[PDB]
Amino acid sequence: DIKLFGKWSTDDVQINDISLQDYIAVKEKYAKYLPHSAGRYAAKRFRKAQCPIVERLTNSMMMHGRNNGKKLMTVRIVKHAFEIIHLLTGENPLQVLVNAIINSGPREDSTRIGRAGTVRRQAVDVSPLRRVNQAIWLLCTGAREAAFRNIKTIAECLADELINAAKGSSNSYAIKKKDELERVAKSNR
Amino acid sequence: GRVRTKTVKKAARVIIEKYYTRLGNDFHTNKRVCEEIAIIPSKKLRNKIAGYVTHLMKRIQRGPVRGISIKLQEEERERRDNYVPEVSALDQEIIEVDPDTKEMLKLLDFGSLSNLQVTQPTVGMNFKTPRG
Amino acid sequence: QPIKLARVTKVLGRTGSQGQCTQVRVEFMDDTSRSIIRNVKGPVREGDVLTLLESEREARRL
Amino acid sequence: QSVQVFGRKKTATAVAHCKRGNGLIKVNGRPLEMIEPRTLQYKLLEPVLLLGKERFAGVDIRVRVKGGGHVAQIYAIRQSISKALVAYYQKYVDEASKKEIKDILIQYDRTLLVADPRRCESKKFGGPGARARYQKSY
Amino acid sequence: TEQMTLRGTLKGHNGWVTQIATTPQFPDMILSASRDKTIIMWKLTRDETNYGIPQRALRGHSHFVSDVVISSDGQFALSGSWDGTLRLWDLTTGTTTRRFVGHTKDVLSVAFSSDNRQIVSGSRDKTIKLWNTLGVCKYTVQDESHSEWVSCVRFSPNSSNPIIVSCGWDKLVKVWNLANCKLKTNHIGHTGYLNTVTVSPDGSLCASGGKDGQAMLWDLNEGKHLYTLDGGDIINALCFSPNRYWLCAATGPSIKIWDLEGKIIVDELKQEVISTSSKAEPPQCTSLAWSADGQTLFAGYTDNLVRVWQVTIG
Amino acid sequence: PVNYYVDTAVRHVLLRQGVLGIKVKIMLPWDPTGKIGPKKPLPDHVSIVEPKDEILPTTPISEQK
RNA sequence: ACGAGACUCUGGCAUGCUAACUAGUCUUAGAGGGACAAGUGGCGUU
């Protein structure tokens with residue numbers, strides 16, 4: 001009776017390795033039945049990184065000056081159509097869930113050079129967390145531009161959010177933009 | 001930064017050298033004894049002084065620190081200063097002596113002594129470090 | 001292009017005309033353990049873990 | 001002979017008169033999941049399903065709940081239930097069982113016992129806000 | 001020359017122990033005082049399956065108590081904080097019974113008289129007073145008083161005659177009968193301070209405790225020197241055997257027991273937990289609580305662990 | 001502490017030439033009781049009680065005539 | 001020896017305390033407590 005949420009459970013989802021929990025980490029108090037844990041993610045650095053991935057994805061979409069940080073929007077969106085798709089699926093979303101984004105992710109970015117020059121950028125990487133979350137932020141921008149002046153709206157892309165969330169293969173769009181920039185910057189390796 | 005100004009440093013040092021007997025290591029006890037024995041006109045400054053005295057006891061428990069001259073450590077040190085070995089290091093039966101110093105001793109009217117073993121002098125005159 | 005897990009030993013600091021890149025030093029775990037250096041963008045915590053997806057990227061120093 | 005602790009969070013509060021009786025649970029003075037804002041209904045359901053009925057089969061609790069703000073009165077309700085339950089278990093039966101159950105509840109999450117210390121800071125000098133300043137002309 | 005062995009473990013607590021007190025007449029109330037607005041209740045079980053079960057978490061203190069004392073019957077708890085306050089706890093109702101705030105100075109101790117006739121407390125006016133329950137002045141002595149703060153006043157722990165023993169941290173000790181209350185002889189010039197004094201039940205000894213460790217022993221009629229028994233750091237727990245003539249304390253981590261004929265430790269055999277971190281410092285020991293007569297011993301440390309051993313005496 | 005340790009007086013002295021401003025600031029000394037100084041000391045001064053001399057024999061041995 | 005710190009005001013905290021027939025110890029305001037780089041690791045003529 002230690003099952004996470006009301007439909008998953010932590011007694012069987014195992015990787016038999018204790019080093020690949022950089023993306024899904026449900027083994028302690030940090031587990032949430034509903035991501036509305038309130039709190040701040042800008043008081044001191046590395047505390048935005050210590051956000052759970054789920055809450056970062058659901059909140060970080062707050063942009064413009066009118067929907068800025070209003071957590072009611074994030075929680076209502078993550079509840080709505082989630083309550084619907086769980087019963088209407090029957091099967092596991094796990095496949096797409098994992099296999100679009102959480103290894104769509106790039107593997108490098110670029111940084112400034114010398115003391116002058118804005119015509120090329122030297123290729124560096126990050127420990128995959130910061131790179132993955134910058135990709136997630138650009139994917140939030142992409143989901144906006146797929147809603148902002150478009151047809152598919154906000155609070156109906158729960159499949160795409162689950163895609164952005166889970167674990168390990170490649171199908172994205174903003175991330176392939178990031179990978180084009182990957183190659184452009186890596187042309188200096 | 002948490003740099004402790006001269007006021008708290010000096011107060012903690014004088015406190016630890018004067019009443020080392022009563023003071024300990026646990027912050028609650030240091031605060032209590034500090035209030036009891038020191039007329040500190042603030043509470044925040046009192047906590048700062050107690051914290052620094054706790055740090056200084058963590059320092060003293062693992063060796064001597066030059067700022068304080070507590071009676072117990074100085075007593076042990078002076079006890080170490082009256083140390084005397086059973087056999088004096090100058091009670092050498094045989095002393096290795098080069099030809100030139102034994103010539104000096106013979107010119108010193110001390111040539112009858114048999115303790116000085118005349119050694120073989122080093123045949124190399126290389127004793128200055130190279131230049132460059 | 002092997003994914004190698006390395007441990008951070010010492011973080012140098014920031015470089016740029018205004019400051020835009022961060023230098024760290026990483027020691028490998030199972031590749032005849034030795035130490036190299038590399039530059040990196042964004043938050044990289046004290047003694048965290050880096051993924052050297054490539055074993056040749058060296059960052060120029062000064 | 002007064003064992004009462006109520007529950008307060010941010011600006012809201014809820015007096016939780018806890019006393020022995022028939023042992024039935026009454027929450028919010030209204031139906032279980034019908035609350036008008038509808039924002040945080042599922043968050044309330046963690047304890048009633050995590051704990052069970054036998055644990056709360058002897059508790060008569062009556063709550064005076066006041067406060068504007070969902071983050072205020074909500075999460076104050078959970079701090080209140082946790083604290084009242086902990087006090088009741090500490091007083092009426094033992095302390096080891098209290099340690100087990102309270103460890104479970106406050107190991108589910110931390111924000112139960114801690115309120116946010118952030119508060120609006122004073123409007124500062126020669127500027128519209130606490131940090132912004134009137135535009136300087138050269 | 002006493003053998004013991006540590007036979008178990010005890011895990012789970014919130015407030016480390018400060019003071020110990022029990023009554024032979026009423027063995028149904030055993031308490032431990034804490035420093036986080038907390039007191040713990042105990043029962044004697046002596047079982048490997050269950051050596052202890054928490055029953056009562058006595059709360060109600062607004063400040064950390066200095067010394068807690070019990071009357072002849074284990075039915076009244078008189079507690080005094082480092083403020084001048086007083087709290088009385090009685091089991092007939094199980095709540096606060098008598099709360100007093102009448103000492104406006106930083107009083108360091110409280111005491112319950114065995115004969116329930118007078119009360120004493122430590123004030124900073126360089127003068128001790130005797131108080132009644134009617135709130136009237138009874139006896140104030142302005143001359144030849146303590147050089148500094150008077151720690152406490154003690155009477156015999158066991159049932160017998162009451163003899164006032166005034167002790168202070170100013171290294172001064174006074175022994176008085178209820179009739180005369182005169183200063184016969186005075187001696188000054190101590191090297192170490194006085195934590196607290198104890199009253200012997202056989203009425204022929206008066207030990208001392210402090211940083212110096214010199215257990216300076218006086219007679220009862222006058223202040224003749226008897227002996228300065230050895231000690232270590234600040235001594236904080238002294239008591240004879242209730243029926244035998246011994247001495248015990250823990251001036252620091254280890255155990256220091258003495259026979260008045262040998263005056264030295266016999267064999268120090270102990271049990272200490274191991275640490276894989278060489279810089280983890282161990283906790284500190286302050287008191288040793290006998291079970292009822294010396295057949296088992298208890299102690300508490302700052303590692304949220306209570307250490308209990310079975311002692312065979314011989 | 002400048003509030004309750006220093007008193008300053010500002011006065012104008014009219015000379016036939018002009019006006020001369022005199023500003024006189026005095027810090028009182030600390031002395032409890034008598035209302036001649038501020039009750040509280042300077043809040044960065046930590047006071048310590050002074051022990052007296054102690055040169056004693058090894059053991060206190062009672063002496064009688 | 002000034003200045004800096006300390007210091008005053010200010011918010012943040014009690015299954016504690018001093019008590020109100022306008023709230024029922026939540027509001028008000030206390031002689032007071034609480035943090036100190038304190039505990040543990042890692043860098044530092046350690």
# chains A, B, ... in the order shown; residues from 1 in each chain; ligands from 1
$ interface_residues --of "chain B" --to "chain G" --cutoff "9 Å" --atoms "only C-alpha atoms (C1' of nucleotides)" --output "ChimeraX atom specification"
/B:2,5,7,27,42,44-45,47-52
$ interface_residues --of "chain A" --to "chain D" --cutoff "7 Å" --atoms "only C-alpha atoms" --output "PyMOL selection string"
chain A and resi 29-30+34+72+76
$ interface_residues --of "chain C" --to "chain A" --cutoff "7 Å" --atoms "only C-alpha atoms" --output "PyMOL selection string"
chain C and resi 16-17+20-21+39-43+49-51+57
$ write_last_selection --atoms "C-alpha atoms" --output "compact mmCIF listing (two decimals), in the first residue's frame"
# COMPACT_ATOMS: atom_id res chain seq x y z
CA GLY C 16 34.43 35.73 -21.27
CA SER C 17 34.56 39.44 -22.02
CA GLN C 20 29.92 33.32 -20.15
CA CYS C 21 31.69 29.95 -19.73
CA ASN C 39 34.64 23.91 -19.94
CA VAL C 40 30.88 23.79 -19.40
CA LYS C 41 27.81 26.05 -19.41
CA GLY C 42 25.20 26.39 -16.70
CA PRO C 43 24.90 25.15 -13.12
CA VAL C 49 28.99 14.12 -12.00
CA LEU C 50 29.79 14.99 -15.61
CA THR C 51 29.01 12.89 -18.68
CA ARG C 57 37.05 17.76 -25.75
$ residues_around --residues "residue 13 in chain A" --least-positions-apart "4" --cutoff "12 Å" --atoms "only C-alpha atoms (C1' of nucleotides)" --output "compact mmCIF listing (two decimals) with C-alpha atoms, in the first residue's frame"
# COMPACT_ATOMS: atom_id res chain seq x y z
CA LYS A 3 1.81 2.64 -4.34
CA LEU A 4 2.62 5.99 -5.94
CA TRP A 8 1.13 3.37 -10.32
CA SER A 9 3.35 1.59 -7.80
CA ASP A 17 21.05 0.36 -11.05
CA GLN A 21 17.70 8.18 -11.47
CA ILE A 24 12.60 9.97 -12.40
CA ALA A 25 13.40 9.83 -8.67
CA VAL A 26 10.53 8.43 -6.59
CA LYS A 27 12.02 6.82 -3.48
CA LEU A 94 4.85 4.46 -21.53
$ residues_around --residues "residue 98 in chain D" --least-positions-apart "2" --cutoff "9 Å" --atoms "only C-alpha atoms (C1' of nucleotides)" --output "tab-separated table (two decimals) with N, CA, C and O atoms, in the first residue's frame"
chain	number	residue	atom	x	y	z
D	85	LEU	N	-3.92	15.04	15.32
D	85	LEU	CA	-3.76	13.59	15.42
D	85	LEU	C	-2.52	13.24	16.23
D	85	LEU	O	-2.55	12.34	17.08
D	86	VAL	N	-1.41	13.94	15.99
D	86	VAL	CA	-0.17	13.67	16.71
D	86	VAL	C	-0.35	13.93	18.20
D	86	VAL	O	0.06	13.12	19.04
D	87	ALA	N	-0.97	15.06	18.55
D	87	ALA	CA	-1.19	15.38	19.95
D	87	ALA	C	-2.10	14.36	20.62
D	87	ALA	O	-1.84	13.93	21.75
D	88	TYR	N	-3.17	13.97	19.93
D	88	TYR	CA	-4.11	13.00	20.49
D	88	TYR	C	-3.43	11.65	20.73
D	88	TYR	O	-3.62	11.03	21.78
D	89	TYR	N	-2.64	11.19	19.76
D	89	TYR	CA	-1.93	9.93	19.93
D	89	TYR	C	-0.87	10.02	21.02
D	89	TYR	O	-0.67	9.05	21.77
D	90	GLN	N	-0.18	11.15	21.12
D	90	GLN	CA	0.82	11.33	22.17
D	90	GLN	C	0.18	11.29	23.55
D	90	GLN	O	0.73	10.70	24.49
D	93	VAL	N	-2.63	7.37	24.15
D	93	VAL	CA	-2.24	5.96	24.12
D	93	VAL	C	-0.78	5.76	24.49
D	93	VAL	O	-0.49	5.12	25.51
D	94	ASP	N	0.15	6.30	23.71
D	94	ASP	CA	1.58	6.09	23.96
D	94	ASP	C	2.38	7.06	23.09
D	94	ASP	O	1.83	8.01	22.54
D	95	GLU	N	3.68	6.81	22.99
D	95	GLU	CA	4.58	7.63	22.20
D	95	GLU	C	5.25	6.88	21.06
D	95	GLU	O	5.61	7.50	20.06
D	96	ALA	N	5.43	5.56	21.17
D	96	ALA	CA	6.04	4.82	20.07
D	96	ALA	C	5.12	4.73	18.86
D	96	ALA	O	5.54	4.96	17.72
D	100	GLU	N	5.64	6.32	15.06
D	100	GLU	CA	5.43	5.62	13.79
D	100	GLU	C	4.47	6.38	12.89
D	100	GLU	O	4.78	6.66	11.72
D	101	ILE	N	3.29	6.75	13.41
D	101	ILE	CA	2.27	7.35	12.55
D	101	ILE	C	2.69	8.76	12.12
D	101	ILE	O	2.53	9.14	10.96
D	102	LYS	N	3.22	9.55	13.06
D	102	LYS	CA	3.65	10.90	12.73
D	102	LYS	C	4.84	10.87	11.77
D	102	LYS	O	4.93	11.71	10.87
D	103	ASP	N	5.74	9.90	11.93
D	103	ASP	CA	6.82	9.74	10.97
D	103	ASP	C	6.27	9.45	9.59
D	103	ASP	O	6.72	10.03	8.60
$ residues_around --residues "residue 111 in chain E" --least-positions-apart "4" --cutoff "10 Å" --atoms "only C-alpha atoms (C1' of nucleotides)" --output "ChimeraX atom specification"
/E:67-71,78-80,86,119-122,152-155
$ residues_around --residues "residue 306 in chain E" --least-positions-apart "4" --cutoff "10 Å" --atoms "only C-alpha atoms (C1' of nucleotides)" --output "MDAnalysis selection string"
chainID E and resid 8:13 16:17 298:302
$ interface_residues --of "chain F" --to "chain E" --cutoff "9 Å" --atoms "only C-alpha atoms" --output "number ranges by chain"
F: 54, 56, 59-62
$ write_last_selection --atoms "N, CA, C and O atoms" --output "short mmCIF file (atom, residue, chain, number, x, y, z; two decimals), in the first residue's frame"
data_model
loop_
_atom_site.label_atom_id
_atom_site.label_comp_id
_atom_site.auth_asym_id
_atom_site.auth_seq_id
_atom_site.Cartn_x
_atom_site.Cartn_y
_atom_site.Cartn_z
N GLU F 54 46.13 33.80 44.34
CA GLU F 54 45.99 32.49 44.97
C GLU F 54 47.36 31.81 45.00
O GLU F 54 47.77 31.19 44.01
N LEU F 56 48.89 29.10 47.50
CA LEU F 56 48.41 28.27 48.59
C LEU F 56 49.34 27.09 48.82
O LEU F 56 50.02 26.63 47.89
N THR F 59 48.19 21.24 50.80
CA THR F 59 47.02 20.65 51.43
C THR F 59 46.54 21.53 52.58
O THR F 59 47.37 21.98 53.39
N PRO F 60 45.24 21.80 52.68
CA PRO F 60 44.74 22.57 53.83
C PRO F 60 44.78 21.77 55.12
O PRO F 60 44.00 20.83 55.30
N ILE F 61 45.70 22.13 56.01
CA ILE F 61 45.89 21.42 57.28
C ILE F 61 45.44 22.33 58.40
O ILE F 61 45.92 23.47 58.53
N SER F 62 44.51 21.84 59.22
CA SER F 62 43.96 22.64 60.31
C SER F 62 45.02 22.92 61.37
O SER F 62 45.80 22.04 61.74
#
$ residues_around --residues "residue 126 in chain D" --least-positions-apart "5" --cutoff "12 Å" --atoms "only C-alpha atoms (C1' of nucleotides)" --output "JSON, numbers by chain"
{"D": [131, 132, 133, 134, 135, 136]}
$ interface_residues --of "chain E" --to "chain D" --cutoff "8 Å" --atoms "only C-alpha atoms" --output "ChimeraX atom specification"
/E:53-57,94-95
$ select_by_dssp --residues "chain A" --states "strand (DSSP E)" --output "ChimeraX atom specification"
/A:109-111,122-124
$ closest_atom_pairs --of "range 47-142 of chain A" --to "range 158-170 of chain A" --cutoff "6 Å" --atoms "only C-alpha atoms" --output "Markdown table"
| residue | atom | partner | partner_atom | distance |
| --- | --- | --- | --- | --- |
| A:96 | CA | A:163 | CA | 5.9 |
| A:97 | CA | A:163 | CA | 4.0 |
| A:98 | CA | A:167 | CA | 3.8 |
| A:99 | CA | A:169 | CA | 3.8 |
| A:100 | CA | A:170 | CA | 4.7 |
| A:101 | CA | A:164 | CA | 5.0 |
| A:102 | CA | A:168 | CA | 4.3 |
| A:103 | CA | A:169 | CA | 3.9 |
| A:104 | CA | A:170 | CA | 3.4 |
$ closest_atom_pairs --of "chain G" --to "chain E" --cutoff "9 Å" --atoms "only C-alpha atoms (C1' of nucleotides)" --output "CSV"
residue,atom,partner,partner_atom,distance
G:15,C1',E:59,CA,8.7
G:16,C1',E:62,CA,4.6
G:17,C1',E:62,CA,6.0
G:31,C1',E:104,CA,8.8
G:33,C1',E:63,CA,8.0
G:40,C1',E:280,CA,8.4
$ closest_atom_pairs --of "chain E" --to "chain B" --cutoff "10 Å" --atoms "only C-alpha atoms" --output "tab-separated table"
residue	atom	partner	partner_atom	distance
E:35	CA	B:28	CA	9.9
E:192	CA	B:21	CA	8.5
E:193	CA	B:22	CA	8.7
E:195	CA	B:22	CA	9.8
E:210	CA	B:22	CA	9.1
E:211	CA	B:21	CA	6.2
E:212	CA	B:21	CA	8.4
E:233	CA	B:21	CA	8.0
E:234	CA	B:22	CA	7.4
E:283	CA	B:26	CA	9.8
E:284	CA	B:26	CA	9.9
E:302	CA	B:26	CA	9.8
$ select_by_dssp --residues "chain F" --states "helix (DSSP H, G or I)" --output "number ranges by chain"
F: 2-5
$ interface_residues --of "chain C" --to "chain G" --cutoff "12 Å" --atoms "only C-alpha atoms (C1' of nucleotides)" --output "ChimeraX atom specification"
/C:9-11,46-47
